[PDB]
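Keep in mind that the numbers below use all heavy atoms, side chains included, and drop hydrogens, waters and symmetry copies. Proteins get letters first, then strands, A, B, ... in listed order; numbering begins at 1 in each.
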2 protein chains.
Amino acid sequence: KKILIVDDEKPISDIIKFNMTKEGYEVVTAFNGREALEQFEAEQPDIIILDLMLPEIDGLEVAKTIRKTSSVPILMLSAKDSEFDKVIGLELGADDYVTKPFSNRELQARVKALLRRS
Amino acid sequence: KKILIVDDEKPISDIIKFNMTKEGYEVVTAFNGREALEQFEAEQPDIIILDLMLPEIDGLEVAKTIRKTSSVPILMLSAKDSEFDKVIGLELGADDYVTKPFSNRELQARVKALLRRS
């Protein structure tokens, strides 16, 4: 299956890409909200891992605009861990929301769970 | 025209109701997000003044769920005045966002402007 990893930090993108590859997923990457929508349209990923941050609001907007056309599963990843943050991510269309720093094994388990149910 | 005023503080609702009545609008009021959706469905207001606060997220949700079915103009009113707050209110479907405390004359002017363009 194909995963699009949207992350504006190259070090974190690289860790998730490495771990997802090791599980047998094909990985496409995007580093801002524009590349995220472009890759979403062109690559039709089976799931999207979306960090909230490039700048504060762009992840939420990416998820919002994807949801206009597609039910593709979205797992939001973010250092922001407040109730507001989690609640708003989910209400705007994320299927899950995981905080950083995260466990690589838990992330894999959550991606699997999302793909099973979709 | 008919305005639905959604405000969880009775003193502020009463001021807006008084001022809107004085301009010749018919006013319906709601005091939480449940009553807001109920009144929206039953009364079909021409415009909605929505305060963000009952609890923090419910105004945003009200606007979000109204926008599933209707293009009715929404003016959000809130003591929260940060960039994030204004930006997220508008992205979730508000047509305008006005901070409290507000000028009664400016509010009237903004309601008129919204109704003209709708």
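With hydrophobic clusters built from ILVMFWY side chains whose heavy atoms lie under 4.5 angstrom apart, B:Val27 shares a cluster with B:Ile16. Each of B:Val28 and B:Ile3 belongs to its own hydrophobic cluster when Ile, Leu, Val, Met, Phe, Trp and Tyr are linked at side-chain heavy-atom distances under 4.5 angstrom. Side-chain heavy atoms closer than 4.5 Å link hydrophobic residues (I, L, V, M, F, W, Y) into clusters, and following such links, even through other members, never connects A:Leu60 to A:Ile47.
Looking only at side-chain heavy atoms (C-beta outward), A:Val72 and A:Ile66 come within less than 4.5 Å of each other. Within the 4.5 Å cutoff, the side chain of B:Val6 has no heavy atoms near those of the B:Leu77 side chain. Under the 4.5 Å side-chain criterion, counting only non-hydrogen atoms from C-beta, A:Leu37 is in contact with A:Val62. You'll find the side chain of A:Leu75 reaches within 4.5 Å of the side chain of A:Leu107, heavy atoms only.
Closest approach of B:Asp7 to B:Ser13, counting heavy atoms only: CB-CB, 4.2 Å. In plain terms, the two heavy atoms of A:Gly89 and A:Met76 that are nearest each other are CA-SD, 3.6 Å. Contact between B:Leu52 and B:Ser78 at its shortest, heavy atoms only, is CD2-OG, 3.6 Å. Contact record, A:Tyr97 with A:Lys86: CD2-CG, 3.6 Å, taken as the closest heavy-atom pair.
A donor-acceptor pair is defined here as one N or O able to donate and one able to accept, closer than 3.5 Å; such a pair exists between the side chain of A:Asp51 and the backbone of A:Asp8. Between the side chain of A:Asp81 and the main chain of A:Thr99, no donor-acceptor pair closer than 3.5 Å is present. A donor-acceptor distance shorter than 3.5 angstrom exists from the side chain of B:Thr21 to the backbone of B:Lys17, with no hydrogens or angles considered. Between the A:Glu35 side chain and the A:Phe31 main chain, a donor and an acceptor come within less than 3.5 Å of each other.
Heavy atoms from other residues, nucleotides or ligands lying under 6.0 Å from CD of B:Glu56 number 12 at most. With a 6.0 Å radius and a threshold of 12 heavy atoms from other residues, nucleotides or ligands, B:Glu43 has its CD atom above the threshold. Counting heavy-atom neighbours within 6.0 Å of B:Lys1 NZ, excluding the residue itself, gives a total of 12 or less. Surrounding NZ of A:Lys100 are more than 12 heavy atoms belonging to other residues, nucleotides or ligands, all under 6.0 Å away. Shown here is A:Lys2, whose NZ atom has more than 12 heavy atoms of other residues, nucleotides or ligands within 6.0 Å. More than 12 heavy atoms of other shown residues, nucleotides or ligands fall within 6.0 angstrom of atom NZ in B:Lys68. For NZ of B:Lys64, the number of neighbouring non-hydrogen atoms (other residues, nucleotides, ligands) closer than 6.0 Å is greater than 12.
Legend: residues meeting side chain to side chain contact (heavy atoms under 4.5 Å, CB included) with B:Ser118, ordered by chain and number and at least two apart, are B:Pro73. Partners of A:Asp14 by side chain to side chain contact (heavy atoms under 4.5 Å, CB included), not counting sequence neighbours, listed by chain and number: A:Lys10.
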Does the pair A:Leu115 and A:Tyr25 meet the rule for a side-chain contact (heavy atoms from CB on, under 4.5 Å), with working shown? CA-CA 12 Å; A:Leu115 287 167; A:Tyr25 297 112; 3.6 Å; yes
Run B:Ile48 and B:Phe40 through side-chain contact (heavy atoms from CB on, under 4.5 Å) and show every step you take. CA-CA 8 Å; B:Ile48 301 170; B:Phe40 162 62; 4.1 Å; yes
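Taking CE from A:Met20 and CD1 from A:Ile15, the interatomic distance works out to 12.0 Å, rounded to the nearest 0.5 Å. To the nearest 0.5 Å, atom CG of residue B:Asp58 and atom CG of residue B:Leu50 are 8.5 Å apart. The distance from the CD atom of A:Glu61 to the CD1 atom of B:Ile88 is 9.5 Å, given to the nearest 0.5 Å. Atom-to-atom distance recorded for A:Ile49:CD1 and A:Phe102:CZ is 8.0 Å, nearest 0.5 angstrom. A distance of 13.0 Å separates CG of A:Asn32 from CE of A:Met53, quoted to the nearest 0.5 Å. Summarising the geometry, atom CG belonging to A:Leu92 is positioned 10.0 Å from atom CD1 belonging to A:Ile74; distances are rounded to the nearest 0.5 Å.
When each of B:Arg116, B:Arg110, B:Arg67 is tested with B:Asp95 by the rule salt bridge (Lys or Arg N to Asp or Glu O under 4.0 Å), just one qualifies, namely B:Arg67.
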